[PDB]
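Participant: Here it is, the structure in full.
We did not get these values from a lab; they are worked out from the coordinates using the rules stated. Every residue, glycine as well, gets a Cβ built from its backbone with ideal geometry; the counts of neighbours run over all protein chains shown.
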Number of protein chains: 2
Amino acid sequence: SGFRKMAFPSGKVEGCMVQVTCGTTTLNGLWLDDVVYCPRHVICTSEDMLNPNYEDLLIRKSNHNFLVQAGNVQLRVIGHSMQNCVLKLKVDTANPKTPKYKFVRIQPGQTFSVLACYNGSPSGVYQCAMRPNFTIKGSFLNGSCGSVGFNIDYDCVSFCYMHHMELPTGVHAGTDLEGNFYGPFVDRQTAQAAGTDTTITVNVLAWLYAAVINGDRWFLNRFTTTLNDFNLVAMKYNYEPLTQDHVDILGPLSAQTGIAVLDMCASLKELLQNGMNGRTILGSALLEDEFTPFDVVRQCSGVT
Amino acid sequence: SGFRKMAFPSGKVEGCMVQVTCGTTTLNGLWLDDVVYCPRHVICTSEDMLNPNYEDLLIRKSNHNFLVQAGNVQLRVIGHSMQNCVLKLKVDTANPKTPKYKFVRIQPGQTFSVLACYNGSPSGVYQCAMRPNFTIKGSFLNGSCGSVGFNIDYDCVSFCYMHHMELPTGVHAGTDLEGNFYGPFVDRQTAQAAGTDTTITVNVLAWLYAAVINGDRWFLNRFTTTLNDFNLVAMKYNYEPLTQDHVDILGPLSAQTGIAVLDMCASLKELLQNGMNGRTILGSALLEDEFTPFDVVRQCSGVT
Ligand SMILES: *CC(=O)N1CCN(S(=O)(=O)c2cccs2)CC1
Ligand SMILES: *CC(=O)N1CCN(S(=O)(=O)c2cccs2)CC1
């Protein structure tokens with residue numbers, strides 16, 4: 001029993017982290033096979049960051065200007081290219097610790113583990129979600145850029161995020177491993193405001209199911225609702241609209257608990273309208289939205 | 001910026017997890033040098049668990065009855081001994097992936113990462129604290145026993161916990177790596193009630209400092225207090241008494257923020273007396289007590 005905000009074991013990703021230095025800028029790279037992936041802004045002076053022309057800046061850079069260090073051993077760079085907002089550094093050595101891997105672009109509401117690194121060295125692991133405004137609420141200091149987000153399916157690491165930016169509001173923006181930003185963000189030190197950070201309704205419902213499974217039941221009520229009625233309430237509380245796709249996705253948790261999804265919706269509706277009245281659910285005084293239905297099933301069944 | 005509930009990178013501990021089977025009971029072991037550590041209740045049938053006599057049960061067990069599997073390779077057991085509530089299985093092979101390590105017995109209020117495992121395979125990592133009643137609030141299913149808690153100091157893993165028990169209230173009890181239970185708990189399926197789960201005051205203050213550092217300031221007030229006055233309020237709210245040792249420990253966060261510890265105490269006092277009024281601090285509607293002052297400094301400075 002018990003339900004925790006749980007990250008994937010990070011070992012497979014620890015074995016992929018290196019230090020990239022270009023001039024006086026040091027950040028993290030991901031070493032997979034004979035390619036090191038890092039944020040293209042490694043080539044910038046923080047002056048350049050005001051209005052960088054990355055193609056123009058890159059002309060002035062050679063393979064030997066990219067200093068790649070894996071533990072305390074230097075890798076030889078034999079090639080470099082820009083793909084969107086990431087650099088691919090070709091090195092003469094395949095990472096011997098390359099796990100089975102994919103690059104996936106996740107949807108908003110999807111959760112992932114971050115291995116926070118400084119100078120290519122892991123400092124910690126935590127669980128995130130891609131917010132509906134395509135930000136993440138991370139823990140990232142200067143030097144953390146090139147830290148990656150990932151899911152694991154048994155032996156296969158799916159990389160979904162690389163850290164690039166802190167917005168003025170202290171939320172985070174980054175790319176998939178093809179260098180494409182999540183959301184409308186750009187690797188430029190300019191005015192970038194996030195949109196509405198709405199609550200991930202399907203994740204809140206998943207976590208309400210996790211609470212019932214784990215003995216926290218006080219919030220279960222005698223009511224049901226409809227998707228349309230529930231959605232009026234969600235709109236009013238800046239919750240994401242619930243679709244039949246979400247209802248289908250919660251089917252297994254529905255089955256296990258014998259609580260109809262629309263009944264749990266009616267419970268969530270009362271919690272939005274009445275608040276928690278100083279009570280908690282799985283040790284939280286607010287409705288947690290950074291567990292997917294998949295996360296809840298994984299943790300409640302004990303997948304390795 | 002940003003502040004997350006952050007676990008140590010788990011790679012060094014992933015490399016230590018094995019499967020121990022005795023008869024029809026499978027749980028996890030920790031392989032360090034040529035010793036595998038696991039919960040002694042591995043030798044029990046769940047019938048035995050009602051009133052086990054472990055010395056008597058152990059007589060009926062030989063080295064060859066302990067099946068130790070590291071990935072998909074069996075280790076040869078050449079010796080076994082009971083130390084308190086753990087078994088030490090001597091194997092003929094040193095774990096090639098043994099990190100630098102210590103066994104430490106932590107104090108209540110101290111935080112640690114748990115690598116949850118099933119059949120010797122890591123499933124997830126999360127951050128815990130030793131509660132003042134010597135329980136932890138974990139995420140542990142059947143098969144998770146022998147999962148370990150740890151801190152890392154650069155290269156040295158300090159093992160502080162091994163998972164043994166779920167209490168009827170769904171909180172967790174376990175041992176240090178010398179097999180001594182935290183608290184008054186015993187590896188017996190009997191009536192064991194936890195004492196008062198008080199709030200770790202010094203940890204709440206550390207997290208209030210982390211909030212100020214990270215731009216969450218609304219709760220800072222114009223008041224100060226004394227240790228004696230603050231402690232009257234703490235007593236009333238089942239918060240741990242604050243000592244001068246705690247004040248000294250918060251000194252660095254005091255210095256960095258320019259907020260006197262006793263001023264931050266007065267802020268905490270108002271939050272206890274007035275509540276959050278529907279506001280949040282670092283994304284939480286309750287006062288977080290599972291970050292130590294050391295954790296806050298580590299995360300806010302970016303130690304690897
Ligand atoms: C994003 C990241 O981790 N970076 C880019 C900025 N540099 S830096 O310019 O060297 C700075 C260091 C402290 C303040 S800016 C660090 C790596
Ligand atoms: C604590 C732990 O992880 N254990 C001990 C109990 N066994 S068991 O008896 O095989 C059970 C499996 C499911 C219910 S009890 C599993 C390992």
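Participant: With 10 Å bins from zero, work out the P(r) of the range A:198-301 over every alpha carbon pair and list the percent per bin.
Facilitator: P(r) over the range A:198-301, rounded to whole percents: 16, 56, 28, 1.
Participant: For all pairs of alpha-carbon atoms in the range B:252-304, what percent lies in each bin of width 10 Å, listed from the first bin to the last filled one?
Facilitator: 20, 46, 30, 3
Participant: Additional query: Please give the length that would be gained between A:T280 and A:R217 if that part of the chain were fully extended, namely 0.36 nm times their separation in residues minus their C-alpha to C-alpha distance (nm, one decimal).
Facilitator: 21.6 nm
Participant: Could you compute the FRET efficiency for B:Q107 and A:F294, with r as their C-beta to C-beta distance and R0 at 41 Å, rounded to 0.05?
Facilitator: Efficiency, from the Cβ-Cβ distance: 0.65.
Participant: Among B:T199, B:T280, B:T292, determine the one that fluctuates most according to a GNM of chain B built with springs between C-alpha atoms less than 10 Å apart.
Facilitator: B:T280
Participant: Given a cut-off of 32 Å, name the pairs among B:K88/B:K137; B:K5/B:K61; A:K100/A:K236; A:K269/B:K137 whose C-alpha atoms lie farther apart than that in the structure shown. Mind dumping the intermediate values first?
Facilitator: On the way: B:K88/B:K137 26 Å; B:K5/B:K61 42 Å; A:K100/A:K236 44 Å; A:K269/B:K137 28 Å.
In this structure, B:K5/B:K61; A:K100/A:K236 lie more than 32 Å apart at Cα.
Participant: One-quarter of the Cα convex hull surface for the range B:1-151, in nm²?
Facilitator: If you wrap the Cα atoms of the range B:1-151 in a convex hull and average its projections, you get 10.1 nm².
Participant: Can you work out D for the range A:1-89 in µm² s⁻¹ from Stokes-Einstein, where Rh is the Kirkwood radius over C-alpha pairs, the temperature is 4 °C and the viscosity is 1.567 mPa s? Walk me through the intermediate numbers first.
Facilitator: Numbers: Rh = 14.3 Å.
Estimated via Stokes-Einstein, D reaches 90 µm²/s.
Participant: Cut-off 10 angstrom, C-alpha nodes, Gaussian network model of chain B. Which of B:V36, B:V86, B:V233 fluctuates the most?
Facilitator: Of B:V36, B:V86, B:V233, the Gaussian network model singles out B:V233 as fluctuating most.
Participant: Amide H neighbours of A:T199 under 5 Å, counting only residues 5+ apart in sequence or on other chains, H built in-plane at 1.01 Å?
Facilitator: It is A:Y239, A:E240, by chain and number.
Participant: Residues with amide H under 5 Å of A:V91's amide H, sequence separation 5 or more or different chain, H placed in the peptide plane at 1.01 Å from N; which?
Facilitator: A:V35, A:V36, A:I78
Participant: Between A:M82 and B:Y154, what is the label-to-label distance in nm when each label sits 7 Å out along the Cα-to-Cβ direction?
Facilitator: 3.9 nm
Participant: I've got another one for you. Under a Cβ-only charge scheme (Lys and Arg +1, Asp and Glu -1), can you give me the dipole magnitude of the protein assembly as shown about the Cα centre, in debye to the nearest 20?
Facilitator: Approximately 360 debye in magnitude.
Participant: Would you mind listing how long the range B:100-153 runs along its three principal axes, going by Cα atoms, in whole Å with the largest first?
Facilitator: Each principal axis gives a Cα extent; for the range B:100-153 these are 29, 29, 15 Å.
Participant: Here is a follow-up. Hey, which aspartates and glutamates would be in cross-link range of A:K102, C-alpha to C-alpha under 17 Å, not counting anything within fewer than 8 residues on its own chain?
Facilitator: Once the sequence-local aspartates and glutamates are set aside, what remains near A:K102 is A:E14, A:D33, A:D34, A:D153, A:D155, A:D176, A:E178.
Participant: Going by amide H atoms built from the backbone, whose H comes under 5 Å of the H on A:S158, apart from near neighbours?
Facilitator: Residues meeting the amide H criterion: A:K102, A:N151, A:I152, A:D153.
Participant: Mind jotting down a quarter of the surface of the convex hull over the alpha carbons of the protein assembly as shown, in square nanometres, one decimal?
Facilitator: Numbers: hull surface 112.5 nm².
Directional mean of the projected Cα hull area for the protein assembly as shown stands at 28.1 nm².
Participant: For every other residue with a beta carbon closer than 10 angstrom to the beta carbon of B:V35, add +1 if it is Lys or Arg and -1 if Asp or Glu, then tell me the sum.
Facilitator: Surrounding charge for B:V35 is 0.
Participant: Using only C-alpha atoms and all pairs of different ones, pull out the Kirkwood radius for the range B:130-268 in Å with one decimal.
Facilitator: By the Kirkwood definition, the hydrodynamic radius is 17.3 Å.
Participant: Additional query: For the range B:195-214 and the range B:118-153, what is the centre-to-centre distance using only Cα atoms, to the nearest Å?
Facilitator: For the range B:195-214 versus the range B:118-153, the Cα centre distance is 21 Å.
Participant: Please turn the phi angles of the range B:123-128 into ³J(HN,Hα) values with the Karplus equation 6.51 cos²θ - 1.76 cosθ + 1.60 (θ = phi - 60°), one per residue in order, whole Hz, x for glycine and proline.
Facilitator: So the J values, rounded to whole Hz, are 10, x, 10, 8, 9, 10.
Participant: If you take the alpha carbon radius of gyration of chain A and divide it by 2.2 N^0.38 Å, what ratio comes out, to two decimals?
Facilitator: 1.11
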